[PDB]
Amino acid sequence: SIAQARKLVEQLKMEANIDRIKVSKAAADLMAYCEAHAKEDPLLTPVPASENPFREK
Amino acid sequence: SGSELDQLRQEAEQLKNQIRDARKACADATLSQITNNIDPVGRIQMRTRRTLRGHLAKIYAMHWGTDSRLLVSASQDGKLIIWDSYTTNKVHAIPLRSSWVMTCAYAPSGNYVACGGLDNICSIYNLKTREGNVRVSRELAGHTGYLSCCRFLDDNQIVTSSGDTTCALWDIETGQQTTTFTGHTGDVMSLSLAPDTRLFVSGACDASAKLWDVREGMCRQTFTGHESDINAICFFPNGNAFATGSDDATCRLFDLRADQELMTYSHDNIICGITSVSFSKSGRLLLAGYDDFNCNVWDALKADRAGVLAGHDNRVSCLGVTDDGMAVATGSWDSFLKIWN
Amino acid sequence: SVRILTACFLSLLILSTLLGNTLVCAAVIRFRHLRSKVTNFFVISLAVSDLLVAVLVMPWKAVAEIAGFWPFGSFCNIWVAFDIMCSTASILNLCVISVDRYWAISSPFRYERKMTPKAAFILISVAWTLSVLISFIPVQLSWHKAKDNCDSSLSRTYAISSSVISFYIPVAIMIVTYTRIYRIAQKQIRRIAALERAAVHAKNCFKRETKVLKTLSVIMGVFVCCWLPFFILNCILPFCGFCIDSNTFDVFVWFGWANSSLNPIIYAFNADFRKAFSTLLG
Amino acid sequence: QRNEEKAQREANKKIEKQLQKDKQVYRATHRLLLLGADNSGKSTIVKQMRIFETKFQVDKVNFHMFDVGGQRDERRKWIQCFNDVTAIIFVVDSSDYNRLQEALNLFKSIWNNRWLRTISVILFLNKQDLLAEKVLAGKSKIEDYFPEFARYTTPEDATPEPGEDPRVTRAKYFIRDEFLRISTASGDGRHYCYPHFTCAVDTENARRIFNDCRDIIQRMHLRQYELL
Amino acid sequence: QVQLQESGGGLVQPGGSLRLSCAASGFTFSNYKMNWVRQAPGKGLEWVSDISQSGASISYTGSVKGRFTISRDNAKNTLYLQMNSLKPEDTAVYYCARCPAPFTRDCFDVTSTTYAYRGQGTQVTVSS
Ligand SMILES: C[C@H]1c2cccc(CCC(C)(C)O)c2C[C@H](CO)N1C(=O)Cc1c(Cl)cccc1Cl
Ligand SMILES: CC(C)CCC[C@@H](C)[C@H]1CC[C@H]2[C@@H]3CC=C4C[C@@H](O)CC[C@]4(C)[C@H]3CC[C@]12C
Ligand SMILES: CC(C)CCC[C@@H](C)[C@H]1CC[C@H]2[C@@H]3CC=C4C[C@@H](O)CC[C@]4(C)[C@H]3CC[C@]12C
Ligand SMILES: NCCc1ccc(O)c(O)c1
């Protein structure tokens, strides 16, 4: 129990001194990546059945 | 009290409260407030276009290939079948020495498949063989627990997840664990490699996810938002976010740079656990397989569900989106795989 | 007046039979998990037999009884062959189903190893070809007739010969099968009840048998009540020709055909079948 | 082009017919999972039946029995690997009195498992000779561990062996009913428990498992046809 | 993050009555079956008392039957164990454990080495 406790304390000190960004900016990055690929997502914008490899014959 | 155990317990709580304060400090807003002005994706009702049958028992893992056409599935009838999803033909049927299998991967080069389970062994199979038939090439030993997930980085290095509460990065040729990841208290159930191979996350039964540096072997960030065992994990296509599903009937989206949960996807009519999660190509759609025989498609920005996949007759055990985004596949305990788009 | 009432009742019966059997067939065709079980092939064959009844024999006979005369003419000789076949394709199916169940309850280990889909196809083929052999072969050669309107009077020898093959053998087999299954179920019920009573007595420190009896009584008695009076009349009436009028014979024939209507309720309300019906119907 | 389509079609044909030969083999194998605490007679029972796996035949009926012993002690996530097994053989030591409460708790957790609702359990109450030794010695009495034993009455259906002390009969039928009180509390005819008194030299365990599997499949078919 | 803290317990003469309180955070307390287990020196973990989702059903081991009581409160999110007429063999470290999954009557929480949802525990000693 003494070895797992010494390892646990140093792991938390490393994770505490990380630098985090604002959620507003973190969400703003998601907004840019979403609409930058919206027109290329076949599951969002359905592709016509002519260019769909799973509905052709 | 001087007793070094009480001093570690005190510094433990001190760190947990510094972490909770530094986490609520950056929670100036919520993802829902941010995405309230977006337009909804609308109703998405995809339908089963193909059905891949043959398996005699419950399926547990699948992984699309880089070619976006073939995929491998592992069932506990002792088989590992590779399918050509375009023509519904079966390309390979690999019998396994141990019938208890829980995961399977498909190398990004399409040259190798991997799989493992209660035998505590990761087995690699070479699809490019010179005698004719796919057979065993390598077999990774060392774990004291079962094997829950594995994914290739390249043809020589592969990372595994195990029930011995550890993950490991392997050198396929030498068979040596080139890197060990320890720190989880409960069984690690799933891992997901970032799209750029540099980092990867893991979800364990200690209701926690951990970000691991592949080449350095250290845990960078630990998230604790789920109330129970993490069953699935998957990176956002961008690489700085991922979603998890757990037995507490909830999905949660975490960001790497903000180091906390951003949004939670749940409904009070959902009580059963979550078995698999995966994002679309743009990350706007999150597909999840459930114990309630259905697969729910969520709008990753608005928490609205945009469709259901009620086509399996037993718990949906696995799922996966193609690399071209053209379709998603679902494996269940009804011994059937189904393609949707 | 009475004619309209009889017409409405006959149409109700025909539509009920068609609805039940087409629902069973559609639930089998659309949903492949029902088709997976080997024991469901017999239920499919029974439903097909009853649908063939309701398509090939019941409507024309109903029209003839409404009008009071046979309007189809030369179809009569064909119809009396469709009547013997499809009807015999029902009873011979039920017996097979009964036999099937006795193989799944008396020797459970054998059943799963020996009852391959090829064996199910063999049994179904034997039933459906014995029906054809007993119906079409003598009718075309005019052996059923003893030596406008449709003459459905069977020969004195052919009545007994066809009855013993269509009902009396498949009722004796069915009765011995179901009484053996009853004995097995009673043994099991007593075995469970011993442990249950022991557990109750430790905690302190007939429903199962009734429902077994109810299920067996339904499955056997509905079939016997629908068929047996018709077949005893079929045996005695050619000898008579005390005696019975043609109307009584007709109503007992309708009792015989009503088994095809009642079969989907009894032999095809499983949990899976009920779920399939609920999903498909809406 | 079209030739690669015909080669893929005949590769699928060879695959599906190999899986067809494999289906007949898999359909006739009765998988049996062996579970229970350590210091039990489970491993000795497997040794007698002639490690991880065991394959044995009774009257042309194949069984494949597996014990999960190379794992850790968290029996939670891997339990769902045995939702389709024919039966679970739970092995218990009848002479240990506190080890036995652990066995009762494990039996309760197995019987009410969300993924084992239809898995019947065969309970082996091993080491009956040692149990008789302890009861006749009278140094460690069941009432100190199970006070219910003071008010326990020997069942009227009990079949003691020739010369068996009524104290031993009451003790082993008392352990029998603590496990039947769990199995009948929520089984509701979906699955059953079949207790058996065993000793380390007993060699009729293989026959008993065969009879219990016969009864399991009989009561599955009877419930399937709505009789039982 | 799942959090369970046991409180109460200590040196007491045999026959005394003492209440332990397990405080829970990080989950909806109403959805989880709860257990009170203990580990005496020189032996492994053993189950002592069990309480269901709503407190309708409770269970105890035969060793402590008739003295130990288990009572949960979902409103204030806290478990409690009351001991009366303590015995010299009741000296153990008491753990409050959460059954692993919601909406389930299953518990696999007597694991000796590591369980992810049990508290640190408190020392309860009975001596004269
Ligand atoms: C399943 C049934 C059957 C029914 C119809 C047709 C066939 C032939 C199939 C073939 C061999 C040609 O491939 C068979 C096989 C075999 C022939 O011995 N059998 C049976 O024993 C039936 C049976 C008995 Cl007697 C006793 C206890 C259980 C059972 Cl199930
Ligand atoms: C006029 C008569 C001869 C028509 C033929 C009736 C018989 C031979 C046909 C009609 C319906 C058919 C069944 C239709 C459905 C199934 C289920 C399928 O999975 C296997 C074939 C099987 C079991 C068929 C067996 C043969 C069958 C019963
Ligand atoms: C003809 C009418 C009454 C329908 C009869 C169907 C049943 C009773 C017939 C048709 C096929 C027959 C079976 C064919 C195969 C076997 C296996 C053999 O080792 C014993 C006889 C046995 C078991 C026969 C028993 C009776 C049987 C099942
Ligand atoms: N309406 C006659 C129906 C019928 C069915 C079977 C027979 O064997 C038979 O002689 C007559």
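Our numbering is plain: 1 for the first residue shown, then up by one each step along the chain.
If you check the header, you will see the structure was determined by electron microscopy, 3.0 Å.
The backbone N, Cα and C atoms fix where each Cβ goes, and this holds for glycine too.
Summarising the annotation, Swiss-Prot assigns N-acetylserine to B:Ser3 and lists experimental evidence as the type of evidence. Here Swiss-Prot flags B:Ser3 as phosphoserine. What Swiss-Prot records for B:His267 is phosphohistidine, and it gives similarity to another entry as the kind of evidence. Residues or ranges marked as repeat 'WD 1' in Swiss-Prot: B:47-95. Annotation source Swiss-Prot lists repeat 'WD 2' at B:96-141. Annotation comment: Swiss-Prot describes B:142-182 as repeat 'WD 3'. Sequence annotations record features per position, and here Swiss-Prot assigns repeat 'WD 4' to B:183-224. Residues or ranges marked as repeat 'WD 5' by Swiss-Prot: B:225-268. Under the heading repeat 'WD 6', Swiss-Prot lists B:269-310, citing experimental evidence as support. Per Swiss-Prot, repeat 'WD 7' is recorded for B:311-341.
Residues of the same chain lying 6 or more positions beyond the ends of the repeat 'WD 4' (B:183-224) and with a Cβ under 8 Å from any Cβ of it are 145, 148-151, 153-154, 157, 159-167, 169, 230-235, 237-239, 242, 244, 246, 254, 256, 259-261. DSSP gives the residue listed as 'phosphohistidine' a coil state; it is part of no helix or strand.
Counting residues of the repeat 'WD 7' (B:311-341) by DSSP class, helix then strand then coil, yields 0 helix, 16 strand, 15 coil. With a cut-off of 8 Å on Cβ pairs spaced 6 or more residues apart, the repeat 'WD 7' (B:311-341) and the repeat 'WD 3' (B:142-182) reach fewer than 3 such pairs and are scored as not touching. Within its own chain, the repeat 'WD 6' (B:269-310) has Cβ neighbours under 8 Å at 31-32, 35, 38, 40-46, 48, 228, 231-238, 241, 243-251, 253, 263, 316-321, 324-325, 328, 330, 332, 338, 340, counting only residues six or more beyond its boundaries. Residues of the repeat 'WD 1' (B:47-95) grouped by DSSP class, helix first, strand second and coil last, total 0 helix, 31 strand, 18 coil. Counting residues per DSSP class in helix, strand and coil order gives 0 helix, 25 strand, 16 coil for the repeat 'WD 3' (B:142-182).
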